[PDB]
Amino acid sequence: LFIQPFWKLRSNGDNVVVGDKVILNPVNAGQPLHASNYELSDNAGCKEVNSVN
Amino acid sequence: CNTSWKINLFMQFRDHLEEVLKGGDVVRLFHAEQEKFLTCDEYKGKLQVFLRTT
C-alpha cells in the first residue's frame with residue numbers, strides 16, 4: 001500500500017507524522033481504500049471497505 | 001556642530017542569516033489547501049482582506 005498525503009501541507013518524501021490523514025493506494029489495484037455506505041446484511045450497522053476512487 | 005548620533009540596534013549580524021525568518025522580511029502567505037495568495041484590496045470604499053481566485 002502506497003501511503004500518500006491527503007493534505008496539501010505534506011509532500012512526497014516527507015516523513016509521516018502521527019495523526020496525519022493519509023491515503024492508502026494499493027500498488028496493483030491503483031484505487032484508494034474506501035469505506036462503502038452499503039450496510040452488511042449479516043451484521044447490522046457494519047459497513048464495507050473496498051478499493052475504488 | 002554638537003549633534004550626537006545614538007546607535008539603536010535593530011538586528012544583529014548573527015541573526016541576519018538568509019535561511020531564517022527575520023523581522024521586516026517581505027513575504028507572502030500562500031494557502032496550500034486552496035492554492036490562493038492572501039491579499040487585501042479596496043472593494044466598496046473599505047479595504048478588505050480575502051483570498052484572490054486565480
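Residues numbered from 1 in each chain as written, not as in the entry; some residues may be left out. Chains lettered and ligands numbered in written order. Part of a larger assembly, values for the part shown. Heavy atoms only, no water.

Per the deposited record, cryo-EM is how this structure was determined, to a resolution of 3.6 Å.

Trainee: Which residues make up the overall build of chain B, and what values go with them?
Mentor: Along the backbone of chain B there are zero helices and three strands. In chain B, the order of α-helices and β-strands from amino to carboxyl end is β-β-β. Whereas a compact globule of 54 residues would reach a radius of gyration of roughly 10 Å, chain B reaches 19 Å, over 25% beyond that. Over its C-alpha atoms, taken along the principal directions, chain B stretches across nearly 55 × 35 × 10 Å. Across the 54 residues of chain B, 4% fall into the buried class. Look at the contacts in chain B between residues 6 or more apart in sequence, and 0% of them connect residues 24 or more apart. Of the roughly 5,800 Å² of accessible surface on chain B, a fraction of 56% belongs to carbon and sulfur atoms. (Helix = DSSP H or I, 4+ residues; strand = E, 2+ residues; numbered from the N terminus. Rg over C-alpha atoms; globule rule 2.2 N^0.38 Å. Buried < 20%, exposed > 50% of the residue type's maximum accessible area, 1.4 Å probe, protein only. Contact = heavy atoms within 4.5 Å. Areas by Shrake-Rupley, 256 points an atom, 1.4 Å probe, with all protein chains shown as cover.)

Trainee: Describe the sheet that holds strand β2 (residues 36–42) of chain B, with residues and values.
Mentor: All names here are of chain B. Spatial ordering of the open sheet is given by β1-β2-β3, a layout of three strands whose pairing is antiparallel. Bordering the open sheet on either side are β1 (30–31) and β3 (47–51), each of which pairs with just one other strand. Looking at chain direction, β1 and β2 are connected through two bridges and run antiparallel. Note on β2: the bridge partner recorded for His-31 is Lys-36. (Pairing = 2+ DSSP bridges.)

Trainee: Which residues make up the packing of aromatic side chains, and what are the values?
Mentor: All names here are of chain B. Taken as a whole and judged by the stated rule, the model has one aromatic pair over all chains. Here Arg-28 stacks its cationic end above the ring of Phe-37, 5.7 Å away from the centre of that ring. Across the ring face of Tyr-43, the terminal group of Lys-44 is positioned such that the distance to the ring centre comes to 5.9 Å. (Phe/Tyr/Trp six-rings, centres within 6.5 Å; stacked < 30°, edge-to-face > 60°. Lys NZ or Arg CZ within 6 Å of the ring centre and 35° of its normal.)

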